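What follows is the content of work-v9.pdb (PDB, C-alpha atoms).
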```pdb
ATOM      1  CA  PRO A   1       0.000   0.000   0.000  1.00  0.00           C
ATOM      2  CA  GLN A   2       0.862   3.589  -0.571  1.00  0.00           C
ATOM      3  CA  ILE A   3       0.156   6.152   2.137  1.00  0.00           C
ATOM      4  CA  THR A   4       0.032   9.812   1.231  1.00  0.00           C
ATOM      5  CA  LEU A   5       0.948  12.482   3.813  1.00  0.00           C
ATOM      6  CA  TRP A   6      -1.828  15.049   3.472  1.00  0.00           C
ATOM      7  CA  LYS A   7      -3.070  13.796   6.806  1.00  0.00           C
ATOM      8  CA  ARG A   8      -1.302  11.984   9.675  1.00  0.00           C
ATOM      9  CA  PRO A   9      -0.366   8.423   8.566  1.00  0.00           C
ATOM     10  CA  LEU A  10      -2.527   6.590  11.081  1.00  0.00           C
ATOM     11  CA  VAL A  11      -3.082   2.859  10.669  1.00  0.00           C
ATOM     12  CA  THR A  12      -4.465  -0.100  12.603  1.00  0.00           C
ATOM     13  CA  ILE A  13      -2.060  -2.326  14.496  1.00  0.00           C
ATOM     14  CA  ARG A  14      -2.492  -5.411  16.698  1.00  0.00           C
ATOM     15  CA  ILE A  15      -0.416  -5.954  19.834  1.00  0.00           C
ATOM     16  CA  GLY A  16      -0.970  -8.121  22.887  1.00  0.00           C
ATOM     17  CA  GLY A  17      -4.217  -9.269  21.264  1.00  0.00           C
ATOM     18  CA  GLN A  18      -5.562  -5.693  21.257  1.00  0.00           C
ATOM     19  CA  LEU A  19      -6.231  -3.455  18.232  1.00  0.00           C
ATOM     20  CA  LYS A  20      -4.883   0.131  18.382  1.00  0.00           C
ATOM     21  CA  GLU A  21      -4.402   3.101  16.072  1.00  0.00           C
ATOM     22  CA  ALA A  22      -0.789   4.157  15.501  1.00  0.00           C
ATOM     23  CA  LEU A  23       1.217   6.724  13.606  1.00  0.00           C
ATOM     24  CA  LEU A  24       3.824   5.584  11.101  1.00  0.00           C
ATOM     25  CA  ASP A  25       6.792   7.771  12.152  1.00  0.00           C
ATOM     26  CA  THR A  26       9.955   7.662  10.063  1.00  0.00           C
ATOM     27  CA  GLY A  27      11.415  10.116  12.600  1.00  0.00           C
ATOM     28  CA  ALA A  28      11.111   7.578  15.464  1.00  0.00           C
ATOM     29  CA  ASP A  29      13.934   5.087  16.067  1.00  0.00           C
ATOM     30  CA  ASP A  30      11.629   2.962  18.272  1.00  0.00           C
ATOM     31  CA  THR A  31       7.969   1.966  18.630  1.00  0.00           C
ATOM     32  CA  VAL A  32       6.052   3.545  21.529  1.00  0.00           C
ATOM     33  CA  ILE A  33       2.604   2.321  22.502  1.00  0.00           C
ATOM     34  CA  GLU A  34       0.078   3.784  25.021  1.00  0.00           C
ATOM     35  CA  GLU A  35      -0.651   2.421  28.333  1.00  0.00           C
ATOM     36  CA  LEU A  36      -1.424  -1.227  27.836  1.00  0.00           C
ATOM     37  CA  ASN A  37      -0.881  -4.025  30.361  1.00  0.00           C
ATOM     38  CA  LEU A  38       1.299  -5.978  27.989  1.00  0.00           C
ATOM     39  CA  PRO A  39       2.167  -9.266  29.599  1.00  0.00           C
ATOM     40  CA  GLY A  40       5.694 -10.304  30.095  1.00  0.00           C
ATOM     41  CA  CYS A  41       8.630  -8.748  31.694  1.00  0.00           C
ATOM     42  CA  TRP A  42       9.826  -5.274  30.811  1.00  0.00           C
ATOM     43  CA  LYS A  43      12.698  -2.959  31.767  1.00  0.00           C
ATOM     44  CA  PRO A  44      13.082   0.796  32.151  1.00  0.00           C
ATOM     45  CA  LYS A  45      14.267   3.188  29.472  1.00  0.00           C
ATOM     46  CA  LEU A  46      14.050   6.911  28.857  1.00  0.00           C
ATOM     47  CA  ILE A  47      13.271   8.264  25.392  1.00  0.00           C
ATOM     48  CA  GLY A  48      13.542  11.734  24.022  1.00  0.00           C
ATOM     49  CA  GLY A  49      11.350  13.824  21.811  1.00  0.00           C
ATOM     50  CA  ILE A  50      11.283  17.423  20.824  1.00  0.00           C
ATOM     51  CA  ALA A  51      10.769  18.908  24.397  1.00  0.00           C
ATOM     52  CA  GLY A  52      12.400  16.337  26.680  1.00  0.00           C
ATOM     53  CA  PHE A  53      12.176  12.737  27.855  1.00  0.00           C
ATOM     54  CA  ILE A  54       9.610  10.291  29.166  1.00  0.00           C
ATOM     55  CA  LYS A  55      10.113   7.058  31.059  1.00  0.00           C
ATOM     56  CA  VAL A  56       8.949   3.891  29.360  1.00  0.00           C
ATOM     57  CA  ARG A  57       8.878   0.130  29.816  1.00  0.00           C
ATOM     58  CA  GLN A  58      11.019  -1.768  27.172  1.00  0.00           C
ATOM     59  CA  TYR A  59       9.555  -5.164  26.118  1.00  0.00           C
ATOM     60  CA  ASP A  60      11.395  -7.389  23.637  1.00  0.00           C
ATOM     61  CA  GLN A  61      10.196  -9.847  20.975  1.00  0.00           C
ATOM     62  CA  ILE A  62       6.625  -8.629  20.988  1.00  0.00           C
ATOM     63  CA  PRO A  63       4.505  -9.635  17.960  1.00  0.00           C
ATOM     64  CA  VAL A  64       2.872  -6.584  16.265  1.00  0.00           C
ATOM     65  CA  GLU A  65       0.687  -6.690  13.126  1.00  0.00           C
ATOM     66  CA  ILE A  66       0.767  -3.438  11.135  1.00  0.00           C
ATOM     67  CA  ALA A  67      -1.883  -3.066   8.433  1.00  0.00           C
ATOM     68  CA  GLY A  68      -2.027  -6.883   8.235  1.00  0.00           C
ATOM     69  CA  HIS A  69       1.747  -7.275   8.003  1.00  0.00           C
ATOM     70  CA  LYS A  70       3.346  -9.344  10.805  1.00  0.00           C
ATOM     71  CA  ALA A  71       6.317  -7.892  12.665  1.00  0.00           C
ATOM     72  CA  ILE A  72       8.051  -8.796  15.924  1.00  0.00           C
ATOM     73  CA  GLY A  73      10.396  -6.716  18.006  1.00  0.00           C
ATOM     74  CA  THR A  74      10.947  -4.192  20.737  1.00  0.00           C
ATOM     75  CA  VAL A  75       7.974  -2.154  21.969  1.00  0.00           C
ATOM     76  CA  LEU A  76       8.294   0.693  24.452  1.00  0.00           C
ATOM     77  CA  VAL A  77       5.308   1.292  26.649  1.00  0.00           C
ATOM     78  CA  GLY A  78       4.519   4.468  28.408  1.00  0.00           C
ATOM     79  CA  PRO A  79       2.600   7.691  28.574  1.00  0.00           C
ATOM     80  CA  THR A  80       3.022   8.700  24.964  1.00  0.00           C
ATOM     81  CA  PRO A  81       0.271  11.002  23.607  1.00  0.00           C
ATOM     82  CA  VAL A  82       0.208   9.063  20.328  1.00  0.00           C
ATOM     83  CA  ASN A  83       0.988   5.381  19.539  1.00  0.00           C
ATOM     84  CA  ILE A  84       4.031   5.448  17.293  1.00  0.00           C
ATOM     85  CA  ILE A  85       5.430   2.812  14.922  1.00  0.00           C
ATOM     86  CA  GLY A  86       9.115   3.525  14.465  1.00  0.00           C
ATOM     87  CA  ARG A  87      11.868   2.345  12.217  1.00  0.00           C
ATOM     88  CA  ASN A  88      12.559  -0.813  14.171  1.00  0.00           C
ATOM     89  CA  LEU A  89       9.273  -2.216  12.899  1.00  0.00           C
ATOM     90  CA  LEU A  90       8.830  -0.202   9.715  1.00  0.00           C
ATOM     91  CA  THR A  91      11.940  -1.881   8.275  1.00  0.00           C
ATOM     92  CA  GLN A  92      10.448  -5.321   9.018  1.00  0.00           C
ATOM     93  CA  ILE A  93       7.449  -4.605   6.826  1.00  0.00           C
ATOM     94  CA  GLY A  94       9.592  -3.202   3.948  1.00  0.00           C
ATOM     95  CA  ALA A  95       8.469   0.407   4.331  1.00  0.00           C
ATOM     96  CA  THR A  96      10.204   3.080   2.260  1.00  0.00           C
ATOM     97  CA  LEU A  97       9.945   6.806   1.594  1.00  0.00           C
ATOM     98  CA  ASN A  98       9.533   7.699  -2.048  1.00  0.00           C
ATOM     99  CA  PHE A  99       9.614  11.003  -3.969  1.00  0.00           C
TER     100      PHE A  99
END
```

Represent the structure from my file as structure tokens, please.
Amino acid sequence: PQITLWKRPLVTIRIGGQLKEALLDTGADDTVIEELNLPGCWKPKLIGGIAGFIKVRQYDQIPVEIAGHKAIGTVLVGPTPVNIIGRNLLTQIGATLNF
């Protein structure tokens, strides 16, 4: 699929058995998902944005379907305002920028 950028590139994802909306963010190194009691063990991390940092829970080897495409990798969980799919998972689904 091709996604134009007139509006925010929001898509449906599946994680932990739950469906969520997420932003495809080529400016994010990592994937950051809203408060969700994701089973399994996690560890602390701090991640930075434009204004500062937030504390998140790093979970590894988490299956995540993005627009029907299976991926599996690291998911950071915390009080992000927007669920974000970053490059760690975008690469797994073969996503490119084209112009």

Shell around stretch 23-36 of chain A at 10 Å using only C-alpha atoms, local window under 2 positions removed, as a ChimeraX atom specification: /A:3,8-13,15-16,18,20-21,38-39,47-49,56-58,66,73-91,95-97

Residues of the last selection are to be written out with C-alpha atoms, as a PDB file, keeping the file's coordinate frame.
```pdb
ATOM      1  CA  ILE A   3       0.156   6.152   2.137  1.00  0.00           C
ATOM      2  CA  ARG A   8      -1.302  11.984   9.675  1.00  0.00           C
ATOM      3  CA  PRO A   9      -0.366   8.423   8.566  1.00  0.00           C
ATOM      4  CA  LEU A  10      -2.527   6.590  11.081  1.00  0.00           C
ATOM      5  CA  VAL A  11      -3.082   2.859  10.669  1.00  0.00           C
ATOM      6  CA  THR A  12      -4.465  -0.100  12.603  1.00  0.00           C
ATOM      7  CA  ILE A  13      -2.060  -2.326  14.496  1.00  0.00           C
ATOM      8  CA  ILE A  15      -0.416  -5.954  19.834  1.00  0.00           C
ATOM      9  CA  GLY A  16      -0.970  -8.121  22.887  1.00  0.00           C
ATOM     10  CA  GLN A  18      -5.562  -5.693  21.257  1.00  0.00           C
ATOM     11  CA  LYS A  20      -4.883   0.131  18.382  1.00  0.00           C
ATOM     12  CA  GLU A  21      -4.402   3.101  16.072  1.00  0.00           C
ATOM     13  CA  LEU A  38       1.299  -5.978  27.989  1.00  0.00           C
ATOM     14  CA  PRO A  39       2.167  -9.266  29.599  1.00  0.00           C
ATOM     15  CA  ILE A  47      13.271   8.264  25.392  1.00  0.00           C
ATOM     16  CA  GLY A  48      13.542  11.734  24.022  1.00  0.00           C
ATOM     17  CA  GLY A  49      11.350  13.824  21.811  1.00  0.00           C
ATOM     18  CA  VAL A  56       8.949   3.891  29.360  1.00  0.00           C
ATOM     19  CA  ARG A  57       8.878   0.130  29.816  1.00  0.00           C
ATOM     20  CA  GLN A  58      11.019  -1.768  27.172  1.00  0.00           C
ATOM     21  CA  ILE A  66       0.767  -3.438  11.135  1.00  0.00           C
ATOM     22  CA  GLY A  73      10.396  -6.716  18.006  1.00  0.00           C
ATOM     23  CA  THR A  74      10.947  -4.192  20.737  1.00  0.00           C
ATOM     24  CA  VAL A  75       7.974  -2.154  21.969  1.00  0.00           C
ATOM     25  CA  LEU A  76       8.294   0.693  24.452  1.00  0.00           C
ATOM     26  CA  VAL A  77       5.308   1.292  26.649  1.00  0.00           C
ATOM     27  CA  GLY A  78       4.519   4.468  28.408  1.00  0.00           C
ATOM     28  CA  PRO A  79       2.600   7.691  28.574  1.00  0.00           C
ATOM     29  CA  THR A  80       3.022   8.700  24.964  1.00  0.00           C
ATOM     30  CA  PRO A  81       0.271  11.002  23.607  1.00  0.00           C
ATOM     31  CA  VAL A  82       0.208   9.063  20.328  1.00  0.00           C
ATOM     32  CA  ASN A  83       0.988   5.381  19.539  1.00  0.00           C
ATOM     33  CA  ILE A  84       4.031   5.448  17.293  1.00  0.00           C
ATOM     34  CA  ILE A  85       5.430   2.812  14.922  1.00  0.00           C
ATOM     35  CA  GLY A  86       9.115   3.525  14.465  1.00  0.00           C
ATOM     36  CA  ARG A  87      11.868   2.345  12.217  1.00  0.00           C
ATOM     37  CA  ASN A  88      12.559  -0.813  14.171  1.00  0.00           C
ATOM     38  CA  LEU A  89       9.273  -2.216  12.899  1.00  0.00           C
ATOM     39  CA  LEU A  90       8.830  -0.202   9.715  1.00  0.00           C
ATOM     40  CA  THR A  91      11.940  -1.881   8.275  1.00  0.00           C
ATOM     41  CA  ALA A  95       8.469   0.407   4.331  1.00  0.00           C
ATOM     42  CA  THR A  96      10.204   3.080   2.260  1.00  0.00           C
ATOM     43  CA  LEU A  97       9.945   6.806   1.594  1.00  0.00           C
TER      44      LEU A  97
END
```

Using only C-alpha atoms: which of A:14, A:99, A:1, A:6 has the shortest distance to residue A:64: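 Using only C-alpha atoms, residue A:64 sits closest to A:14.
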
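Of the residues under consideration (A:40, A:5, A:54, A:60), A:5 shows the shortest atom-to-atom contact distance to residue A:98 when counting all atoms listed in the file.
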
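Put simply, atom CA of residue A:22 is 18.6 Å away from atom CA of residue A:61.
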
Distance of atom CA of residue A:17 from atom CA of residue A:59, expressed in Å to one decimal place: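 A separation of 15.2 Å between them.
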
Work out how far apart atom CA of residue A:46 and atom CA of residue A:69 are and give it in Å to one decimal.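 Distance reported for this atom pair: 28.1 Å.
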
Could you give me the axis-aligned bounding box of stretch 79-89 of chain A, with 4 Å of padding per side, as centre plus edge lengths in Å to one decimal, as JSON?
```
{"center_x": 6.4, "center_y": 4.4, "center_z": 20.4, "size_x": 20.4, "size_y": 21.2, "size_z": 24.4}
```
